[PDB]
Amino acid sequence: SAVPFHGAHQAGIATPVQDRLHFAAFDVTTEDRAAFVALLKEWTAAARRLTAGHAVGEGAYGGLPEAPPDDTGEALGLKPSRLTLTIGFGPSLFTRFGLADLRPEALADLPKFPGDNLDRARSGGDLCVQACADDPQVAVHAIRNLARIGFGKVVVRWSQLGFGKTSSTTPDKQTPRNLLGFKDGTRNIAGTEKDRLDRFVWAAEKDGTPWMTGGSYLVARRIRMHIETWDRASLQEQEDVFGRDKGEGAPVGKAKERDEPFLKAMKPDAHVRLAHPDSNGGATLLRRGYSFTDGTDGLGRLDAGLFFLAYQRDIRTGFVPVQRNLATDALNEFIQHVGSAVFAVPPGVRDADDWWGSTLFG
Amino acid sequence: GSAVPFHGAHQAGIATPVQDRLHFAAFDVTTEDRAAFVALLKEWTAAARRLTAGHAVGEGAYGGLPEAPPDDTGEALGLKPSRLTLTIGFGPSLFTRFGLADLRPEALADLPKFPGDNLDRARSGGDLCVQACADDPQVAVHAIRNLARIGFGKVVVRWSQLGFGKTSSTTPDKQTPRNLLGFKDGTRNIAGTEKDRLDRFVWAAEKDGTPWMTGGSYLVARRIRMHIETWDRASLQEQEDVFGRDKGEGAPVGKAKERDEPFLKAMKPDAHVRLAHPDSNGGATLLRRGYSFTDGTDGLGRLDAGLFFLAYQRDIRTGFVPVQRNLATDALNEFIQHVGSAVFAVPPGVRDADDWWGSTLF
Ligand code: HEM
Ligand code: HEM
């Protein structure tokens, strides 16, 4: 029904993957540090309400008739829907509020990668909120009301809706398929693997940035798929691109989805072979991305793909090496990265008196 | 999870309980060969029988010749039917092709220009439409993607619209959903159990003058942008006055319960419910079946948000047109703008396994 908001870590990273996403990047419009801290406190208070299925402020109705309602009301009657709200800080935030010397070294700017076609309007951002829930209306309501609360101090830079599985009709254990029709998520870090999360996902105090202890680093990539091109490829071409078969999702030469891959049986430029930790010095990611389908473009093509989200302990040792290794990926024929942003995701809100960003702002 | 039967006197997806998700596509026809188009309709019908039963199209998604593209794109494998319905419609522009000019129904009226219209021509009209509704977005996208693929060379997608959540009801026994203005939308509609009301107001009858359309309906699609910044600063009282119902319960002004009958004289004269109500429009009644959308940001720091309004009716001239004309003075107009428009003739149902979409026309 709901996911606890408080903890050492923000929810929405290691907690169970919800059916739907609304991710928003915001830009900050105030120069006043005190004004921004006040916002973070008001947002935290709102998030406590939202994640428990309650309206923000004094509610969506029943207040003074002459006042705008505190909550815009489109989630009334809905359940918490396992809503999580996860905040992150972009590199550009640290050019404000005297913060330049507190930017973590682990929050690295991404290099340009071969084939990148990044839309500057759908890239970057001073901060992000990742809203995940089983009901898309719950997620949208959250973003819409945070944006409203922050009006005058932040604006929405870009926004992405996504979807994974529908849990009401799909067993939890079953691996979702992406829009290329392949199972996606088989070899990932699971929220159950506490030690692997410590190794690969959570920032530690000895990593160099104390305020980030218990936080993580997020890379977002909006990756368009060339659907109509992919759909004309033979079955064998598609399986060769990945190194797993399409039906069962087993590694080539193996029988079952979760059989461990034998990388040498895969083509040298197969996606799994290039992405696997063993090909990348042990680098391992927590993927937590969502499919998207936004409509059709001016050529009549489906505007669809993967909104890739990766969490890691250090961008320089997680996404960067793995993505660099995909330079010759067979998948590259069929995809294009068109949006990108990175964020530092702070530690959790410890209790009722804490607030988002408290370890940074002090 | 369950399947909705595909065959019947009427197409499913109209009187059917409203599903959670929409993917609507308008297509233009690129072939002038009547026989080629008829063969497409038949192949599409076959596919639809598979898809609505939760089966892959053609020979499947895998297990065929390795050197061939799979017949089904694969991304719905392991999913339930998820109440998928597929509803086809023919736009006025289709009747300029294939010797069909004299068979265009009079009830398929072109809309007049309405005050405030700002229609994008690229996201209006269409030779034909397919409305895919399902509780799982992935299942809806899969259906449209596979129909489009099958249609390659004979049809192109002109425009499409995804709806992330419903803002309509054909099931008064269940909770009425809310639109993004925070109001319940669908209280006084037509229920799928109200056979006499459907016969009166929704299905075309032989005597209406177009035999091939008997058992079909007419569809009006309107893409409506919502000025949420404007709306969100309005007082509670102003918002309730706009509609004539209270926000929390959705009762008519003065009354206690959502489903209490409106007393129209207690509403403001420009209240939406007052203007839209059948009693204000010579008895004209519609089956409303629309969905909410958000398509990112507007470029000005705000979330985009809208309603994709769908209405079914026995005759466009006696349904949508009179009602929309009466909304010329609607208080709601301050907060919305119609930016896309299309009309379609929705043919009768596919009677059995030997029948096909459009068979009464062709
Ligand atoms: C649209 C883009 C992409 C698609 C469709 C895609 C698809 C897949 C699929 C089908 C698998 C195999 C099943 C699984 O273990 O999840 C896989 C594995 C993986 N992908 Fe991708 N991927 C995409 C982009 C990326 C990107 C950008 C990265 C990282 C930079 C990435 C990293 C990985 C990793 C680390 C694995 C697991 C390899 C292993 O340990 O076996 N993928 N991906
Ligand atoms: C963004 C646009 C719109 C919004 C937010 C909206 C909202 C509402 C709401 C809150 C109600 C009251 C609950 C109900 O009975 O469903 C309602 C009723 C209704 N609306 Fe709208 N509506 C919009 C557009 C339209 C349009 C374009 C039409 C027709 C051309 C329409 C026709 C109706 C009708 C017929 C009723 C039922 C009136 C009655 O019989 O009580 N609406 N709408």
Side-chain angles (χ1 to χ4, degrees), chain A residues 113 175 177-188 219 221 223-225 230 241-244 246 249 251 257-258 260-261 263 271-280 283-287 289 291 305-308 310 318-326 329 331 334-337, chain B residues 114 167-169 176 178-189 220 222 224-226 231 242-245 247 250 252 258 261-262 264 272-281 284-288 290 292 306-309 311 319-327 330 332 335-338:
Chain A
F113 293 109
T175 310
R177 295 179 185 266
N178 59 41
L179 295 178
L180 298 183
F182 280 74
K183 296 186 183 173
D184 196 333
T186 302
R187 280 176 43 68
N188 198 11
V219 176
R221 307 285 279 200
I223 307 172
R224 172 64 186 285
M225 287 166 179
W230 175 255
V241 162
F242 282 110
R244 287 170 179 273
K246 189 168 200 181
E257 180 192 340
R258 289 200 180 277
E260 288 298 348
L263 300 183
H271 178 72
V272 172
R273 181 160 174 187
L274 295 172
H276 193 282
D278 287 1
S279 298
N280 294 280
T284 308
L285 303 172
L286 184 166
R287 295 176 286 143
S291 299
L306 173 71
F307 186 72
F308 182 92
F319 176 86
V320 169
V322 179
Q323 175 63 32
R324 179 170 273 122
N325 213 49
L326 299 188
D329 193 352
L331 183 62
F334 302 102
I335 61 164
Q336 193 176 56
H337 296 230
Chain B
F114 293 104
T167 197
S168 51
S169 176
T176 303
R178 293 176 191 262
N179 58 48
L180 287 177
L181 304 180
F183 278 78
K184 293 180 182 179
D185 204 343
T187 302
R188 277 183 39 70
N189 195 36
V220 171
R222 302 291 281 201
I224 307 179
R225 169 184 299 280
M226 292 166 160
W231 175 256
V242 158
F243 284 112
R245 289 175 177 271
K247 191 167 195 182
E258 179 186 351
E261 292 295 350
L264 290 193
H272 180 75
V273 172
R274 180 165 181 181
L275 295 171
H277 191 281
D279 289 352
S280 304
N281 291 283
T285 307
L286 305 172
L287 189 161
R288 289 173 288 141
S292 298
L307 192 149
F308 186 68
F309 182 87
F320 179 78
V321 172
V323 175
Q324 180 61 34
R325 283 189 185 305
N326 214 41
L327 298 188
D330 189 355
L332 183 62
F335 304 98
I336 66 167
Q337 182 172 57
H338 292 230

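So that the names make sense, note that chain A is the first sequence line, chain B the second, and so on, each numbered from 1. Read the numbers this way: they start at 1 and go in the same order the structure lists the ligands and their atoms.
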**Prompt:** Taking only heavy atoms of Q323(A), which atoms of ligand 1 are found under 4.0 Å from at least one of them?
**Reply:** 27 (C), 30 (C)
**Request:** Just let me know how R288(B) lines up against ligand 2, side chain, backbone, both or neither, with a heavy-atom cut-off below 4.0 Å.
**Result:** side chain
**Asked** Based purely on interatomic distance, does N179(B) place a nitrogen or oxygen under 3.5 Å from a nitrogen or oxygen of ligand 2?
**Response** no
**Request:** Examine the proximity of ligand 1 to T186(A) and report which part, side chain or backbone, both or neither, has a heavy atom under 4.0 Å away.
**Result:** both
**Asked** Out of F309(B), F320(B), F335(B), whose heavy atom is nearest to atom 26 (C) of ligand 2?
**Response** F309(B)
**Request:** Any chance you could lay out the side chain to side chain contact (heavy atoms under 4.5 Å, CB included) test for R325(B) and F114(B), step after step, and finish with the verdict?
**Result:** CA-CA 7 Å; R325(B) 283 189 185 305; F114(B) 293 104; 3.9 Å; yes
**Prompt:** Is the backbone N or O of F309(B) less than 3.5 Å from a side-chain atom of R288(B), with the two atoms forming a donor-acceptor pair by type?
**Reply:** no
**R188(B) and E261(B) ion-paired at < 4.0 Å** = yes
**Request:** With heavy atoms under 4.0 Å as the rule, classify the contact between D184(A) and ligand 1 as side chain, backbone, both or neither.
**Result:** both
**Message:** Quick check: do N189(B) and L287(B) have side-chain heavy atoms less than 4.5 Å from each other?
**Reply:** yes
**Message:** Can you give me the closest heavy-atom contact between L180(B) and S292(B), atom names plus distance?
**Reply:** CG-OG, 4.1 Å
**Message:** Between ligand 2 and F183(B), is the shortest N or O to N or O distance under 3.5 Å?
**Reply:** no
**Message:** So, 4.0 Å and heavy atoms of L331(A): is ligand 1 close enough to count as a contact?
**Reply:** yes
**Request:** Check each atom of ligand 2 against the heavy atoms of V273(B) and keep those under 4.0 Å away; list them by number with element.
**Result:** 12 (C), 41 (O)
**Request:** Just jot down the ligand 1 atoms closer than 4.0 angstrom to any heavy atom of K183(A), in number order.
**Result:** 10 (C), 13 (C)
**Complete:** So the atoms of ligand 1 within less than 4.0 Å of a heavy atom of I223(A) turn out to be 1 (C), 27 (C)
**Item:** Shortest heavy-atom approach to atom 38 (C) of ligand 1 - which of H271(A), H276(A), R324(A)
**Value:** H276(A)
**Heavy-atom side-chain contact between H271(A) and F182(A) under 4.5 Å** = no
**Asked** If we only count heavy atoms from C-beta on, is the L180(A) to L331(A) side-chain gap below 4.5 Å?
**Response** yes
